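model_14.cif, holding mmCIF, C-alpha atoms and all ligand atoms:
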```
data_my_file
#
loop_
_atom_site.label_atom_id
_atom_site.label_comp_id
_atom_site.auth_asym_id
_atom_site.auth_seq_id
_atom_site.Cartn_x
_atom_site.Cartn_y
_atom_site.Cartn_z
CA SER P 1 -10.91 165.02 9.02
CA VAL P 2 -7.32 165.88 7.96
CA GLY P 3 -7.00 162.36 6.48
CA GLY P 4 -9.95 163.14 4.18
CA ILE P 5 -8.43 166.51 3.15
CA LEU P 6 -5.17 164.84 1.96
CA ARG P 7 -7.17 162.58 -0.41
CA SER P 8 -8.60 165.76 -2.02
CA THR P 9 -5.33 167.79 -2.22
CA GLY P 10 -6.13 169.69 -5.47
CA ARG P 11 -9.50 170.96 -4.21
CA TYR P 12 -7.84 172.81 -1.29
CA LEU P 13 -5.17 174.34 -3.59
CA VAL P 14 -8.06 176.12 -5.40
CA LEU P 15 -9.55 177.17 -2.02
CA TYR P 16 -6.07 178.49 -1.08
CA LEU P 17 -5.95 180.68 -4.22
CA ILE P 18 -9.38 182.10 -3.23
CA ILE P 19 -7.90 183.09 0.18
CA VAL P 20 -4.87 184.72 -1.53
CA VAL P 21 -7.12 186.66 -3.99
CA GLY P 22 -9.29 187.66 -1.00
CA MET P 23 -6.12 188.73 0.86
CA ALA P 24 -4.96 190.70 -2.20
CA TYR P 25 -8.34 192.45 -2.58
CA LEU P 26 -8.63 193.45 1.11
CA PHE P 27 -5.01 194.73 1.20
CA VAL P 28 -5.54 197.18 -1.72
CA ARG P 29 -8.98 198.28 -0.38
CA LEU P 30 -7.69 198.98 3.17
CA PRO P 31 -6.23 202.55 3.18
CA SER P 32 -2.96 203.10 5.10
CA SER P 33 -1.82 205.60 7.75
CA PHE P 34 1.09 206.02 10.23
CA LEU P 35 -0.21 206.42 13.84
CA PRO P 36 -3.71 207.17 15.23
CA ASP P 37 -4.63 210.56 16.71
CA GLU P 38 -5.21 209.86 20.40
CA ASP P 39 -7.51 211.67 22.81
CA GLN P 40 -4.80 213.24 25.03
CA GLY P 41 -7.33 215.11 27.23
CA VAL P 42 -6.18 218.50 25.89
CA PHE P 43 -6.44 220.50 22.66
CA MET P 44 -5.99 224.02 21.28
CA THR P 45 -7.90 226.70 19.38
CA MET P 46 -6.30 229.33 17.10
CA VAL P 47 -7.75 232.82 16.87
CA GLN P 48 -6.48 234.85 13.89
CA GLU J 1 8.46 213.36 2.30
CA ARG J 2 10.77 213.77 -0.74
CA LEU J 3 13.86 212.19 0.92
CA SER J 4 13.05 208.52 0.10
CA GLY J 5 9.74 206.63 0.43
CA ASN J 6 8.07 203.28 -0.33
CA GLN J 7 11.05 201.24 0.97
CA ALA J 8 9.08 198.48 2.80
CA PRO J 9 8.59 196.18 -0.26
CA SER J 10 12.41 196.14 -0.68
CA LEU J 11 13.06 195.19 2.99
CA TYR J 12 10.20 192.62 3.08
CA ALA J 13 11.41 191.03 -0.20
CA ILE J 14 14.81 190.28 1.40
CA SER J 15 12.97 189.24 4.60
CA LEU J 16 11.16 186.52 2.60
CA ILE J 17 14.47 185.40 1.05
CA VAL J 18 16.26 185.14 4.44
CA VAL J 19 13.29 183.19 5.92
CA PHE J 20 13.42 180.82 2.91
CA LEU J 21 17.18 180.37 3.42
CA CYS J 22 16.95 179.80 7.21
CA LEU J 23 14.22 177.17 6.68
CA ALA J 24 16.32 175.59 3.90
CA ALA J 25 19.20 175.18 6.39
CA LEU J 26 16.88 173.83 9.14
CA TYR J 27 15.51 170.93 7.04
CA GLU J 28 18.41 170.49 4.57
CA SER J 29 16.06 170.94 1.61
CA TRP J 30 15.41 173.61 -1.05
CA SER J 31 11.79 172.37 -1.46
CA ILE J 32 10.49 171.86 2.12
CA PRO J 33 10.66 175.60 3.12
CA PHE J 34 7.68 176.27 0.77
CA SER J 35 5.43 174.10 3.01
CA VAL J 36 6.06 176.59 5.87
CA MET J 37 6.01 179.81 3.78
CA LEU J 38 2.54 179.11 2.26
CA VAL J 39 0.88 179.80 5.70
CA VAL J 40 1.64 183.56 5.50
CA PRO J 41 -1.72 184.43 3.82
CA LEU J 42 -3.68 182.41 6.45
CA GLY J 43 -2.75 185.01 9.11
CA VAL J 44 -3.00 188.11 6.88
CA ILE J 45 -6.58 187.37 5.68
CA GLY J 46 -8.00 187.50 9.24
CA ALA J 47 -6.11 190.69 10.11
CA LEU J 48 -7.54 192.45 7.03
CA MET I 1 32.37 171.67 12.05
CA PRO I 2 34.00 170.52 8.78
CA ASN I 3 32.24 167.11 9.07
CA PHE I 4 28.93 168.84 9.92
CA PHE I 5 28.79 170.84 6.66
CA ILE I 6 30.06 167.95 4.47
CA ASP I 7 26.74 166.13 5.07
CA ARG I 8 24.79 169.43 5.11
CA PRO I 9 25.74 171.32 1.90
CA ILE I 10 22.50 173.40 1.83
CA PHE I 11 23.25 174.79 5.33
CA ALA I 12 26.77 175.63 4.08
CA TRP I 13 25.28 177.32 0.98
CA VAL I 14 22.73 179.22 3.13
CA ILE I 15 25.47 180.81 5.30
CA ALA I 16 27.34 181.92 2.15
CA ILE I 17 24.22 183.43 0.49
CA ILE I 18 23.29 185.36 3.67
CA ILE I 19 26.87 186.76 3.82
CA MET I 20 26.69 187.66 0.10
CA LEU I 21 23.21 189.21 0.49
CA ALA I 22 24.26 191.34 3.49
CA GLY I 23 27.32 192.47 1.53
CA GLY I 24 25.24 193.40 -1.53
CA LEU I 25 22.95 195.54 0.64
CA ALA I 26 26.03 197.18 2.24
CA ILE I 27 27.48 198.23 -1.17
CA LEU I 28 24.30 200.22 -1.88
CA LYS I 29 24.40 202.32 1.34
CA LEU I 30 28.21 202.63 1.93
CA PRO I 31 29.84 206.07 1.40
CA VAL I 32 32.33 206.54 -1.46
CA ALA I 33 35.50 208.66 -1.41
CA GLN I 34 39.19 208.77 -2.40
CA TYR I 35 40.33 208.54 1.23
CA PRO I 36 38.72 208.42 4.66
CA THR I 37 39.31 211.31 7.09
CA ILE I 38 43.12 211.22 7.41
CA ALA I 39 43.97 214.91 7.95
CA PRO I 40 44.07 216.14 11.56
CA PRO I 41 41.29 218.66 12.31
CA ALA I 42 42.05 222.37 12.53
CA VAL I 43 40.28 225.35 14.10
CA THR I 44 41.03 228.88 12.88
CA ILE I 45 40.57 232.10 14.86
CA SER I 46 40.07 235.11 12.55
CA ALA I 47 40.22 238.76 13.69
CA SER I 48 40.51 242.24 12.14
CA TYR I 49 41.97 245.53 13.39
CA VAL A 1 39.01 180.31 6.91
CA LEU A 2 35.26 180.19 7.77
CA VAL A 3 34.48 179.58 4.06
CA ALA A 4 37.23 176.91 3.94
CA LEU A 5 35.75 175.14 7.01
CA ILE A 6 32.04 175.45 6.02
CA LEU A 7 31.44 175.89 2.27
CA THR A 8 34.60 174.55 0.59
CA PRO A 9 34.42 171.03 2.14
CA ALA A 10 30.70 170.76 1.25
CA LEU A 11 31.47 171.51 -2.41
CA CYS A 12 34.44 169.07 -2.47
CA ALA A 13 32.04 166.36 -1.20
CA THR A 14 29.33 167.02 -3.84
CA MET A 15 30.57 168.85 -7.00
CA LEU A 16 34.06 167.26 -7.51
CA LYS A 17 34.67 164.47 -10.07
CA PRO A 18 36.29 161.20 -8.90
CA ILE A 19 40.01 160.70 -9.63
CA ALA A 20 41.25 157.09 -9.91
CA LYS A 21 44.31 155.76 -8.04
CA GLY A 22 47.50 156.72 -9.93
CA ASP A 23 46.11 159.56 -12.09
CA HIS A 24 48.16 162.78 -11.66
CA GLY A 25 46.86 164.32 -14.93
CA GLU A 26 49.83 162.97 -16.92
CA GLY A 27 47.52 161.30 -19.48
CA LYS A 28 45.57 164.52 -20.19
CA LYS A 29 45.46 165.78 -23.80
CA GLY A 30 47.14 169.03 -24.95
CA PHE A 31 48.69 171.81 -22.82
CA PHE A 32 47.46 170.48 -19.44
CA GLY A 33 49.04 167.07 -20.16
CA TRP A 34 52.38 168.81 -20.81
CA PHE A 35 52.06 170.95 -17.64
CA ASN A 36 51.29 168.02 -15.31
CA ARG A 37 54.25 165.99 -16.68
CA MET A 38 56.53 169.05 -16.38
CA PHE A 39 55.30 169.80 -12.84
CA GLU A 40 55.44 166.20 -11.53
CA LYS A 41 58.95 166.04 -13.04
CA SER A 42 59.87 169.38 -11.37
CA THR A 43 58.49 168.11 -8.02
CA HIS A 44 60.90 165.13 -8.19
CA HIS A 45 63.79 167.52 -9.00
CA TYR A 46 62.73 169.77 -6.12
CA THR A 47 62.39 166.97 -3.53
CA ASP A 48 65.81 165.50 -4.41
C1 LIG M 101 25.46 188.95 16.18
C2 LIG M 101 25.36 189.17 14.69
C3 LIG M 101 25.96 190.51 14.28
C4 LIG M 101 26.60 190.44 12.89
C5 LIG M 101 27.24 191.77 12.51
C6 LIG M 101 27.71 191.77 11.05
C7 LIG M 101 26.59 192.23 10.11
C8 LIG M 101 26.54 193.75 10.01
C9 LIG M 101 25.13 194.28 9.75
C10 LIG M 101 24.64 194.04 8.32
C11 LIG M 101 25.42 194.86 7.29
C12 LIG M 101 24.54 195.34 6.13
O1 LIG M 101 23.63 196.36 6.54
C13 LIG M 101 24.23 197.63 6.87
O2 LIG M 101 24.14 197.80 8.29
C14 LIG M 101 24.57 199.07 8.79
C15 LIG M 101 24.42 199.08 10.31
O3 LIG M 101 25.45 199.88 10.91
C16 LIG M 101 23.76 200.19 8.13
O4 LIG M 101 24.20 201.47 8.62
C17 LIG M 101 23.21 202.24 9.32
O5 LIG M 101 23.85 203.02 10.34
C18 LIG M 101 22.95 203.68 11.25
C19 LIG M 101 22.59 202.76 12.41
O6 LIG M 101 23.77 202.28 13.05
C20 LIG M 101 21.69 204.20 10.53
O7 LIG M 101 21.27 205.43 11.13
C21 LIG M 101 21.94 204.42 9.04
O8 LIG M 101 20.72 204.85 8.42
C22 LIG M 101 22.45 203.16 8.35
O9 LIG M 101 23.28 203.54 7.25
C23 LIG M 101 23.91 200.12 6.62
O10 LIG M 101 23.10 201.12 5.99
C24 LIG M 101 23.49 198.74 6.12
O11 LIG M 101 23.77 198.63 4.72
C1 LIG M 102 32.08 190.23 -6.63
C2 LIG M 102 32.77 191.44 -7.21
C3 LIG M 102 32.88 192.56 -6.18
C4 LIG M 102 33.17 193.91 -6.83
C5 LIG M 102 33.10 195.03 -5.79
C6 LIG M 102 33.19 196.42 -6.41
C7 LIG M 102 32.31 197.41 -5.65
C8 LIG M 102 32.69 198.86 -5.92
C9 LIG M 102 31.52 199.78 -5.57
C10 LIG M 102 31.92 201.26 -5.55
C11 LIG M 102 30.85 202.14 -6.19
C12 LIG M 102 29.52 202.09 -5.45
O1 LIG M 102 28.70 203.19 -5.84
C13 LIG M 102 27.39 203.14 -5.28
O2 LIG M 102 26.50 202.46 -6.18
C14 LIG M 102 25.17 202.31 -5.67
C15 LIG M 102 24.35 201.50 -6.67
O3 LIG M 102 25.02 200.27 -6.99
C16 LIG M 102 24.54 203.69 -5.41
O4 LIG M 102 23.23 203.53 -4.83
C17 LIG M 102 22.24 204.50 -5.22
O5 LIG M 102 21.50 204.05 -6.37
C18 LIG M 102 20.61 202.94 -6.17
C19 LIG M 102 19.89 202.63 -7.48
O6 LIG M 102 20.85 202.42 -8.53
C20 LIG M 102 19.61 203.25 -5.06
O7 LIG M 102 18.78 202.11 -4.80
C21 LIG M 102 20.33 203.65 -3.78
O8 LIG M 102 19.38 204.04 -2.79
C22 LIG M 102 21.30 204.80 -4.05
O9 LIG M 102 22.06 205.08 -2.86
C23 LIG M 102 25.46 204.49 -4.48
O10 LIG M 102 24.97 205.83 -4.29
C24 LIG M 102 26.87 204.56 -5.05
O11 LIG M 102 27.74 205.27 -4.16
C1 LIG M 103 62.77 181.86 -21.41
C2 LIG M 103 61.60 182.21 -22.31
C3 LIG M 103 60.46 181.19 -22.17
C4 LIG M 103 60.58 180.07 -23.20
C5 LIG M 103 59.94 180.45 -24.53
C6 LIG M 103 60.48 179.62 -25.69
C7 LIG M 103 60.06 178.15 -25.61
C8 LIG M 103 61.25 177.23 -25.33
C9 LIG M 103 60.81 175.80 -25.04
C10 LIG M 103 60.28 175.63 -23.62
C11 LIG M 103 58.95 174.88 -23.58
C12 LIG M 103 57.79 175.76 -24.03
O1 LIG M 103 56.54 175.09 -23.82
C13 LIG M 103 55.83 174.64 -24.99
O2 LIG M 103 54.46 174.47 -24.61
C14 LIG M 103 53.66 173.78 -25.57
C15 LIG M 103 52.19 173.87 -25.15
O3 LIG M 103 51.32 173.74 -26.28
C16 LIG M 103 54.16 172.35 -25.66
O4 LIG M 103 53.32 171.53 -26.48
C17 LIG M 103 52.44 170.61 -25.82
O5 LIG M 103 51.10 170.81 -26.30
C18 LIG M 103 50.85 170.40 -27.65
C19 LIG M 103 49.46 170.88 -28.09
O6 LIG M 103 48.57 169.79 -28.40
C20 LIG M 103 51.07 168.89 -27.73
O7 LIG M 103 50.78 168.41 -29.05
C21 LIG M 103 52.51 168.55 -27.36
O8 LIG M 103 52.67 167.13 -27.31
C22 LIG M 103 52.90 169.15 -26.01
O9 LIG M 103 54.32 169.06 -25.87
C23 LIG M 103 55.56 172.39 -26.26
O10 LIG M 103 56.12 171.07 -26.24
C24 LIG M 103 56.49 173.35 -25.51
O11 LIG M 103 57.56 173.70 -26.41
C1 LIG M 104 24.08 170.90 -2.91
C2 LIG M 104 23.09 171.66 -3.77
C3 LIG M 104 23.63 171.86 -5.18
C4 LIG M 104 23.02 173.10 -5.83
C5 LIG M 104 23.83 174.36 -5.51
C6 LIG M 104 22.95 175.61 -5.48
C7 LIG M 104 23.77 176.87 -5.75
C8 LIG M 104 23.01 178.13 -5.37
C9 LIG M 104 23.73 179.38 -5.88
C10 LIG M 104 23.13 180.66 -5.31
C11 LIG M 104 23.78 181.90 -5.92
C12 LIG M 104 23.48 183.15 -5.13
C1 LIG M 105 33.49 168.20 17.09
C2 LIG M 105 32.01 168.52 16.96
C3 LIG M 105 31.77 170.00 16.68
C4 LIG M 105 30.42 170.21 16.00
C5 LIG M 105 30.10 171.69 15.76
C6 LIG M 105 28.89 171.84 14.85
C7 LIG M 105 28.25 173.23 14.94
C8 LIG M 105 28.15 173.90 13.58
#
```
The structure in this file should be written as structure tokens.
Amino acid sequence: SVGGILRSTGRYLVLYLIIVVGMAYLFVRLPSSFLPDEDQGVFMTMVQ
Amino acid sequence: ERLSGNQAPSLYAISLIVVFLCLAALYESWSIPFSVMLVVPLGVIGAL
Amino acid sequence: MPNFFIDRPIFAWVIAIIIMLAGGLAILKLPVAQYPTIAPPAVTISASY
Amino acid sequence: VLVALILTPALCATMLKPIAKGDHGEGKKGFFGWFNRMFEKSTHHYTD
């Protein structure tokens, strides 16, 4: 199977650039944060 | 928030350079390190 | 070691560039002054009557 | 000393021009030709 892929060569370079454009799209779409808020089994309530 | 920010692209840029250089020393080739470094998007795409 | 890097000039160049890169990054974040701390420290007690 | 044991020999092996047997820069043209003749002459004076 790999032997057949090396005869193509240029066809998989185009498929690679699809993966990189897909990677680039998903990276900009995915919104960032620092650390998740965990359920620590306790919380508080302010009364003002 | 005001004391610095968005410093990861600077540190990852040099990280790519030092990985290129280490690979270049391993194989004794300026060209061959690119064959390793082109696999970086293959991991990132699945994570995203 | 000399013989090693004669046949491997890229390895030799890599070590140099990593030393130069690390030095370049140092110059950005290093403090700047006329001198270092060279005066001995002093503590003063002040009082009023 | 680390540069002189690692880098310097690697450059001498690759980026130095060949010098034929006998040539001590005495047949150079201009100021350098004068300097090499003067210096080779001064080396003889010095050794004696
Ligand atoms: C076994 C290999 C060890 C090789 C040691 C020689 C290389 C020295 C490290 C690389 C030098 C360049 O990188 C330099 O590193 C020093 C580390 O003290 C950083 O200095 C740092 O000090 C402390 C941590 O100790 C941090 O809180 C501070 O934010 C930072 O300034 C410089 O900001 C950086 O510019
Ligand atoms: C091969 C020749 C070697 C010649 C060596 C001569 C070096 C002399 C350096 C002394 C002066 C250094 O002065 C130092 O400059 C760097 C930028 O370059 C500044 O750096 C500052 O600006 C840059 C942007 O320009 C920021 O990315 C950085 O976060 C900030 O700290 C330092 O705040 C300053 O203190
Ligand atoms: C004590 C004070 C220092 C001395 C200053 C007064 C000079 C006294 C003579 C000492 C020698 C001076 O060094 C001077 O260098 C020039 C370099 O161009 C030499 O000239 C040399 O280069 C030219 C340029 O193509 C050639 O054509 C020539 O064949 C060659 O000799 C002079 O021959 C020499 O007179
Ligand atoms: C033996 C290889 C000859 C080419 C030398 C490359 C020089 C790289 C200079 C890097 C400057 C930071
Ligand atoms: C005499 C052989 C020493 C080889 C050392 C090479 C490691 C850089």
Next item on the list: When you get a sec, could you note down which chain I residues fall within 9 Å of chain A, using all atoms listed in the file, as a ChimeraX atom specification?
Entry: /I:1-13,15-16
Next item on the list: Output the neighbourhood of ligand LIG 102 (chain M) as a ChimeraX atom specification, that is, all protein and nucleic acid residues with some atom at most 8 Å from the ligand, counting all atoms listed in the file.
Entry: /I:27-32
Item checked: Nearest to chain I by atom-to-atom distance, counting only C-alpha atoms, from J:22, J:16, J:39, J:11 -> J:22
Return as AutoDock Vina command-line options the box centre and box size in Å, one decimal, for an axis-aligned box around all listed atoms of ligand LIG 103 (chain M) padded by 5 Å per side.
```
--center_x 55.7 --center_y 174.7 --center_z -25.2 --size_x 24.2 --size_y 25.1 --size_z 17.6
```
Margin query: Distance limit 7 Å, reference ligand LIG 103 (chain M), atoms considered: only C-alpha atoms and all ligand atoms. Which residues make the cut? Give them as number ranges by chain.
Written below: A: 29-31, 34
Nearby residues (all atoms listed in the file) at most 10 Å from residue 27 in chain A, same-chain spacing under 6 positions excluded, as a short mmCIF file (atom, residue, chain, number, x, y, z; two decimals) with C-alpha atoms, in the frame of the given file:
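Generated file (result.cif):
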```
data_model
loop_
_atom_site.label_atom_id
_atom_site.label_comp_id
_atom_site.auth_asym_id
_atom_site.auth_seq_id
_atom_site.Cartn_x
_atom_site.Cartn_y
_atom_site.Cartn_z
CA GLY A 33 49.04 167.07 -20.16
CA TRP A 34 52.38 168.81 -20.81
CA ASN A 36 51.29 168.02 -15.31
CA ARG A 37 54.25 165.99 -16.68
#
```
Margin query: From the options A:1, A:15, A:38, A:20, which residue's atoms come nearest to ligand LIG 104 (chain M), counting all atoms listed in the file?
Written below: A:15
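Rounded to one decimal, CA of residue 26 in chain J and CA of residue 14 in chain I lie 10.0 Å from each other.
Distance annotation: of J:8, J:21, J:27, J:48, the residue with the minimal separation from residue 31 in chain P is J:48; atom set is all atoms listed in the file.
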Next item on the list: Kindly compile the residues surrounding ligand LIG 101 (chain M) within 6 Å, counting only C-alpha atoms and all ligand atoms, and format them as a ChimeraX atom specification.
Entry: /I:22,25-26,29
Note to self: I need the contact residues of chain P against chain J, so if you could list those with any atom within 9 Å, counting all atoms listed in the file, and return them as a list in words, that would help.
What the structure shows: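 Selected residues: residues 16, 19, 20, 22, 23, 24, 26, 27 and 30 of chain P.
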Written file, previous selection with C-alpha atoms, as a compact mmCIF listing (two decimals), in the frame of the given file:
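out_25.txt, written as the output of this step:
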```txt
# COMPACT_ATOMS: atom_id res chain seq x y z
CA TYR P 16 -6.07 178.49 -1.08
CA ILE P 19 -7.90 183.09 0.18
CA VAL P 20 -4.87 184.72 -1.53
CA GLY P 22 -9.29 187.66 -1.00
CA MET P 23 -6.12 188.73 0.86
CA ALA P 24 -4.96 190.70 -2.20
CA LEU P 26 -8.63 193.45 1.11
CA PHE P 27 -5.01 194.73 1.20
CA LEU P 30 -7.69 198.98 3.17
```
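Going from CA of residue 28 in chain J to CA of residue 19 in chain A covers 27.6 Å.
Restricting the calculation to only C-alpha atoms and all ligand atoms, the smallest distance between ligand LIG 104 (chain M) and any of J:17, J:23, J:3, J:37 is found for J:17.
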